[PDB]
């Protein structure tokens, strides 16, 4: 997360860290006691041996796994979205099952899933969170980073991202002048919008031209467009 600030313990109880061979590489969001929604390019080409993935919940400081509110789970199964296209960076989303259930605490909670036709209009301010790079090609964070970003219209995003095909399964966010954006190491992490006291999973950090650059919004997988596929796994 670039241009963000250090979040405190419990701020985002649904945000989870993912480790591949004990190496933190992506974020994901808890949506039940058993499943996590993350990005497909996180597990692409390394999804056949699921126990090689670790999900760390209730985490705060990446340099501190000793906190008593943390819980670790091995990944039982990884279900990449059937239409993921690495070349097109389209449908960058994936389900991950925790071998063992987690126990909901004040530091571990599921994020609400948006309605299928939940509208996220431009100007709408939302939040991104992750332990990724603090600047492009820079070092990742320790304290979980958080940031607020305004959503764009796909029309406007396609505009600033001519080198890509902004599909209806994507949603973008970011400032015209740049400064705040999701970066490497944040993929799989959420893009959340509070809808009346409740936080909804709007997007899934997917891709974008570098990070925090002006008129170069971060692209996310538009969750409302996958809300049914996701809820089918629920249990």
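Residue numbers count along the first chain shown, from 1.
Of the two segments examined, 166 to 174 and 62 to 70, it is 62 to 70 that shows the higher average Cα temperature factor in the deposited entry. Higher mean CA temperature factor between 81 to 89 and 141 to 149: 81 to 89, per the PDB entry. Between the residues 125, 129, 98, 161, it is 161 that shows the highest Cα B-factor in the PDB record.
The PDB entry assigns residue 35 a C-alpha temperature factor belonging to the lowest third of its chain's modelled residues.
When the modelled residues of the chain are ordered by C-alpha B-factor, residue 50 sits in the middle third. The deposited CA B-factor of residue 13 belongs to the lowest third of values across its chain. In the deposited entry, the Cα temperature factor of residue 112 sits in the bottom third of values across the chain's modelled residues. Ranked by C-alpha B-factor against the other modelled residues of its chain, residue 29 falls in the lowest third.
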